[PDB]
């Protein structure tokens, strides 16, 4: 049958689902190693920005996993995503090695802006700031896209870029008790945290797998952002953002946690 991973219950996605919020009518770009076609996924489109590589054909597994968390289908198989009806686009910016270049990340961000994406999930990062990155972060945002980015996995009391950027919602990871995960980068520019430990999701070769990483926390917020937008169609990126942070369960220290745990019930009241 279908299983509901611990993180989707934790984020309280089902309660939102009970009120009919599935993420329908919302377009989500996933900037990653690609998305492979899988029985429990609905991929609407995408593009590849990797010299040498397809799109949806993920040679890594990381993008496929990420997308699983945001939207794997509510059915009697595999898993269930936060936003089971969200329109997924595979924006391939990282190759099978799982690395890219800031330009590949920037042209993906351009794609989203020119394609009308409501959400942009960037489960990637660098210790280094980039001019080409915050610019694209910036256009995407004028164009109405909500950039969701991972804090990083060094455990440093600082955050990675694009996350550091005022222009991006920065997402850190918690473990199963709701404590920050050891690798989870915190500090300045940290907006919120979501489940990032032992997260089971969709994976190439029509299988499922468990991964750890702030890279797994990010899709959880992209998902929530989709539910709110379905419920408040008129809202802009900045509105969804502030409401997502404001309805979070405070885990009492905005330095380690930003607002606290994203909360779909609460965020959709």
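Positions refer to the first chain, counted from 1.
Engineer: So which stretch wins on mean C-alpha B-factor, 89-97 or 143-151?
Structural biologist: 89-97 has the higher mean C-alpha B-factor.
Engineer: Do the CA atoms of 187-195 or those of 157-165 have the higher mean B-factor in the entry?
Structural biologist: Between 187-195 and 157-165, it is 157-165.
Engineer: Could you say which of 128, 177, 138, 121 has its CA atom at the highest B factor, as listed in the PDB entry?
Structural biologist: Result of the comparison over 128, 177, 138, 121: 128.
Engineer: Tell me, please, which of 181, 106, 117, 79 has the highest C-alpha B factor according to the deposited entry?
Structural biologist: That would be 106.
Engineer: Report the third (lowest, middle or highest) to which the CA temperature factor of residue 16 belongs, ranking only the modelled residues of the same chain.
Structural biologist: For residue 16, whose C-alpha B-factor we compare with every modelled residue in the chain, the answer is the middle third.
Engineer: Ranked by Cα temperature factor within the chain, is residue 72 in the lowest third, the middle third or the highest third?
Structural biologist: For residue 72, whose C-alpha B-factor we compare with every modelled residue in the chain, the answer is the middle third.
Engineer: Residue 248's Cα B-factor: lowest, middle or highest third of the chain?
Structural biologist: Ranked within chain, residue 248 CA B lands in the middle tercile.
Engineer: Just say lowest, middle or highest third for the CA B-factor of residue 53 relative to the other modelled residues in its chain.
Structural biologist: As the PDB entry reports it, the C-alpha B-factor of residue 53 lands in the highest third of its chain.
Engineer: By the record's CA B-factor, is residue 200 among the lowest, middle or highest third of residues in the chain?
Structural biologist: Its C-alpha B-factor belongs to the middle third of this chain's values.
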